[PDB]
């Protein structure tokens, strides 16, 4: 059956919004209505709407392309309702019709319409998922780019903007001038200290617009940082058909996500917020510790699994996590090297986190390619492994497993698995010089790759020697033979 406000007589297997859809009112405006938002932010709000019905979400798309209009039409056609299938590693899935998103507006169609929502006193939070590039931070200067075409145009006619920066700042100006209150700017993009990024972008535009205005926003608005997870894959036509065939719903906008989900959010709101804790959102004073748990256990674990997995010849993460030796090595790395040198946030155990990392990697429906996980391996090693290596060296702890990860990465770079297959991993930051080292036939040259610069200031003598010893074993007897 098609999805509609009236046709909410879904099959016994499909759950419906757990609240009166007619009783909820808008409290959040969201920029960038993508899959992640619909399966994460919208997901948590859906669970507190029965408690505080004034937090419905008004979605806004920034592009007015021919494809954008179609999407907006499909949403309105289903009363903005859509189905979300949640699949667990056990293979079992559940499906529900989400009602938190009460309107979907195409900004270009009517700029004033968006601004009206933005200035409404009931709208106390403005969230967004616009990707990193969406924040318009120049990669070289690290500052908000005032040279951007759309930004300059907005600066010329700020009363009728087209960029998120223009809409948000103009809305804040009007609220201020009319005696209203500032709202909370809540980034839900997966970036380190996403709130600080948002603050830089929005205040960067505000400053150019009017110093006094930026001062006001800086003092009254808030830009909390949040850590967000939840794998929510792209939805292809073929994927949509499987989801609908399984749910029994003729959904034009079906999506699926892993059952696992997490949201750590700094409790810094300008004018109130939903009771998100009731939905499992973890409110904190500083997001930093949680970001590092994810970085040093989930991300670090992902590559500790995939680098040697590629050498064994595994194409997907779920195939590698099923390998008894690679799994044991991952657990030993997390238990012996990371957990003992990782600060633990309150209200959770690092061991429980470890268990979730393992379980998630075993979710066949979510499984990604090992080579994809290994792409830009240099930057990943720098960000995910450096702290763990520095601590092991500084505190004089066992380097065996740490060296194995490095040796595996270096051997993986050579481009050949133990089954005879060849491959070419992607390393954007590497040039001819780097790749020459990576492919050298010796076992010492590639130790100079930039991937290991994060701990090069320390005495890496013992670590490097062990790495060499393991690379030798890996090349002659295979990767598993080198596992500590």
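Residue numbers count along the first chain shown, from 1.
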Report summary line: Going by the entry, of stretches 258-266 and 209-217 the one with greater average Cα B-factor is 209-217
Query raised in the report: Comparing 381-389 with 153-161, which has the greater mean CA B-factor as deposited?
Result: 153-161
Query raised in the report: Which one, 225, 346, 408, 356, has the peak C-alpha temperature factor per the PDB entry?
Result: 346
Query - 337, 110, 394, 291, ranked by C-alpha B-factor: the highest one - result: 110
Report summary line: Chain-relative C-alpha B factor for residue 470 (record values, thirds): the lowest
Query - Assigned third (lowest, middle, highest) for the C-alpha B factor of residue 456 - result: middle
Report summary line: On the chain's distribution of Cα B-factors, residue 308 falls within the third called lowest
Report task. Select lowest, middle or highest to describe the third in which the CA B-factor of residue 82 falls within its chain in this entry. Result -> middle
Report task. Taking the values exactly as deposited, rank residue 233 by C-alpha B-factor within its chain and report the matching third: lowest, middle or highest. Result -> middle
